[PDB]
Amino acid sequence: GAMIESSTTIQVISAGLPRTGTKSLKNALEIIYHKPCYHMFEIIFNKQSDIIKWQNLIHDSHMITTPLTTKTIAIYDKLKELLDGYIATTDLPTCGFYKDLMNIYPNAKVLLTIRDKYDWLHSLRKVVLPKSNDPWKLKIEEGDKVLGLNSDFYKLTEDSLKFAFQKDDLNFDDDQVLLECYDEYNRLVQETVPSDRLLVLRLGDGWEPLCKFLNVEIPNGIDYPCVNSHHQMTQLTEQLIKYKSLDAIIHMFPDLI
């Protein structure tokens, strides 16, 4: 196809929860658009200084009104500022703001990444939210310290998930609670977003439906990304602990990071 000059603004809002292929999707959008896509990894590796800013936004987000009041404009401006220079959003903490992002970026299209709820839960427990008594939790915390992630990071991740599920009293150790929130969250996205503006991507769907939805060619000779498996994250955590730095090992994780 012909090459056209794309605007550096949010063009794709992905409402999918972590462990549904968000990092692969982030990489896929960057291959298409040649500009950055937001993700929790963007905070971890490039934008740790914005942790407090995401926290402040969540703190004020209860004051959002779905016309537009004056308090919502202030919140919307901080969201737009946080995303300046990016062409898409995926993952926490952005995903729970999908409805507000649709208002801020009226010409952006919306994606929902989904998968089997039990596969999701098991992936979540291995990587990002182990049960409190799971010994692997202590390894995650040790690797996090190597990356410079402290208590404010843990607050932001939890608070952003509570915001996405619209539930402050969240028993993170309760599998049935989490599964119920996952199903209700995905149902609400599909009920909320007009179907002309939504594409639901199940894990493994690949380039095709995404590229058709976005009116772009499939990137020639590039396989759709497959990164961030729970096995690969376990290796990343163990390698961070072993070497005590990211830069000692980053060349071993060329696409994940």
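In this text, the rigid core denotes the largest set of C-alpha atoms whose superposition between the two forms falls within 1.5 Å. Note that residue numbering begins at 1 and tracks the sequence as displayed.
Enquirer: Which of the two stretches, 112-120 or 161-169, moves more in 4 other deposited structures of this protein when the core is held fixed, judged by C-alpha RMS distance?
Expert: This comes out as 161-169, the stretch further from the shown form in 4 other deposited structures of this protein.
Enquirer: Quick check: by Cα RMS after rigid core superposition, does 91-99 or 151-159 differ more from this form in 4 other deposited structures of this protein?
Expert: Per-stretch check in 4 other deposited structures of this protein: the more divergent one is 151-159.
Enquirer: In at least a third of the other compared PDB entries, does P67 have no coordinates?
Expert: Residue status for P67: gap in at least one third of the other entries.
Enquirer: Does the deposited sequence hold unmodelled residues between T66 and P67, and if so, how many: none, 1 to 3, 4 to 9, or 10 or more?
Expert: The entry leaves 1 to 3 residues without coordinates here.
Enquirer: Check the entry's C-alpha temperature factors for 193-201 and 31-39, then say which stretch has the higher mean.
Expert: Going by the record's values, the stretch with the higher mean is 193-201.
Enquirer: Looking only at CA atoms, which has the higher mean B factor in the entry: 175-183 or 74-82?
Expert: Averaging CA B-factors over each stretch, the winner is 74-82.
Enquirer: Name the one of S160, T90, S123, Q166 with the greatest CA B-factor according to the PDB entry.
Expert: Reading the PDB entry, the winner on C-alpha B-factor is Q166.
Enquirer: Highest CA temperature factor in the entry: which of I222, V227, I51, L210?
Expert: That would be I222, according to the entry.
Enquirer: Going by the entry, which third of its chain does the Cα temperature factor of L188 land in?
Expert: As the PDB entry reports it, the C-alpha B-factor of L188 lands in the middle third of its chain.
Enquirer: Ranked by Cα temperature factor within the chain, is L129 in the lowest third, the middle third or the highest third?
Expert: For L129, whose C-alpha B-factor we compare with every modelled residue in the chain, the answer is the middle third.
Enquirer: According to the PDB entry, is the CA B factor of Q232 in the bottom, middle or top third of its chain, that is, lowest, middle or highest?
Expert: Its C-alpha B-factor, which the entry lists for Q232, ranks in the lowest third among residues of this chain.
Enquirer: Among the modelled residues of its chain, does the C-alpha B-factor of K117 lie in the lowest, middle or highest third?
Expert: Its C-alpha B-factor, which the entry lists for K117, ranks in the lowest third among residues of this chain.
Enquirer: Using the B-factor values recorded in the entry, state whether the Cα atom of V110 falls in the lowest, middle or highest third among the modelled residues of its chain.
Expert: Tercile = middle for this residue's CA B-factor.
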